[PDB]
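Please note: Cβ atoms are built from the backbone with ideal geometry, for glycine as well, and neighbour counts cover all protein chains shown. All of this is worked out from the model, or read from it or from the source named; no laboratory instrument gave them.
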Amino acid sequence: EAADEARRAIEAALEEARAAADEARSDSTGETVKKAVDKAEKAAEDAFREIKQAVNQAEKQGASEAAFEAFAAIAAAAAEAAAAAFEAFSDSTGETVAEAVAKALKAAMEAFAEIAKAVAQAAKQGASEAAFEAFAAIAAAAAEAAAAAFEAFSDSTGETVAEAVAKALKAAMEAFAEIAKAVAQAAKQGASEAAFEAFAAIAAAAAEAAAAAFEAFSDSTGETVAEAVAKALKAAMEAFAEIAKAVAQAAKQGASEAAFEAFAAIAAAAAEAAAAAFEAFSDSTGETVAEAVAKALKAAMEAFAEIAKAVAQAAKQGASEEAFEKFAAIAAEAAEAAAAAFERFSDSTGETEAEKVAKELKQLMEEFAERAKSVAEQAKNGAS
């Protein structure tokens, strides 16, 4: 009766979303408003039908009852994210605003369906209940970021502002889907519960940086600033995705607990640096300063991905605990440097000073990645 309670809860979430689609629809009369709402309402339904199917695919493969409790936790977060893409819609009724609203709700829905299928894959691969708790945490983090993207949208109605908002919400969604897939691969590879705890922290660290970039967007509706915010959030998302994949490869290698701890600290160091580059953007609405900001965050999203790929290569070699600590200390030292290049830029918005501090953050990022790679190659030889 466990999968039965899951299907009924799944049908309570789909129903709670259609009512939310109706709750936003009674307060709208423009034709383009009802169009995109019917588009957004059809996107959460094809995702709701895809959730009951994964609840049935793990029934033929009779998963543990922890898989059905994560499917109900994922359906519930699905209903809340549609009601969030609709609560932000309630303050708007323009064509492009509703269009990007439908696009963003379709982005978190396709990401939600992909998470349930990954939960189903681990079910046939009979994972641990720590993977299920990480699945509910990854789904909860997904809802917190889509809702934050909508709240930031509640402050803006610009066509380009809403377009980059939908482009950004899809970026973390595609990043979140890739995280759930890696969680499924390690589930087939039956890794530890320290990996799933770091996976929950990685899902949270993603939400922190996404909400921060949106919080920075709550200060700017200039098309040049919105795209820079969107392209930046995409960089950190592509970074976090690579960090989740690396967290799975060492899980295939079956490493120690200190690795996932440094992986959870690396995801946090990424969040701190991403929010910092956004917090300095809260003091700059010039085009050239905005580009230098997002370009450095791209250089920082590349650096963090390298330091996570390096910590994984030492876990495959079976290294000591001093490596993951030095890896986490390089991640935080990188965060202090990317935050410093942002607060000092808050005292210079001339194009020359912006691209100058940016290029130095790329030179230092390549140096930090060189420092992380040096730490890895030293641990492979058996260093004391």
Quiz item: Of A258, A244, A248, which residue is closer than 26 Å to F342 by Cβ, assigned to a helix (DSSP H, G or I) and assigned by TED's automatic domain parsing to the domain that holds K362?
Solution: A244
Exercise. Among residues belonging to segment 86-113 that are outside any helix (DSSP H, G or I) and hydroxyl-bearing (S, T, Y), point out the one that is farthest from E144 (Cα to Cα).
Key: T93
Quiz item: Quick one: how many residues across segment 261-284 are within 30 Å of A226 (Cβ to Cβ) and either outside the structural domain of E208 (by TED's automatic domain parsing) or aromatic (F, W, Y) (or both)?
Solution: 2
Quiz item: Of the residues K117, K106, which is touching a helix residue (DSSP H, G or I) at 6+ places or on another chain (Cβ under 8 Å) and either free of Cβ contacts under 8 Å to residues at least 12 places away in the same chain or within 20 Å of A200 (Cα to Cα) (or both)?
Solution: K117
Quiz item: Would you call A358 within 30 Å of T224 (Cα to Cα) and not basic (K, R)?
Solution: yes
Exercise. Kindly indicate whether any position in segment 154-162 is in contact (Cβ under 8 Å) with a residue 12 or more places away in the chain and either on the phi > 0 side of the Ramachandran plot or in contact with a strand residue (DSSP E or B) (Cβ under 9 Å, 6 or more places away or on another chain) (or both).
Key: no
Quiz item: Which one is nearest to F86 (Cα to Cα) among residues in segment 43-65 that are of a type in the set (K, R) and exposed (fewer than 15 other Cβ atoms within 10 Å of the Cβ)?
Solution: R49
Quiz item: Of all residues in segment 16-40, which are within 17 Å of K106 (Cα to Cα) and touching a residue at least 40 places away in the same chain (Cβ under 8 Å)?
Solution: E16, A17, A20, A21, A24, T32, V33, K35, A36, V37, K39, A40
Self-check item: Test for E129: is it within 30 Å of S64 (Cα to Cα), out of contact with any strand residue (DSSP E or B) (no Cβ under 7 Å at 6 or more places or on another chain) and either in the same structural domain as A67 (by TED's automatic domain parsing) or among the aromatic types (F, W, Y) (or both)
Solution: yes
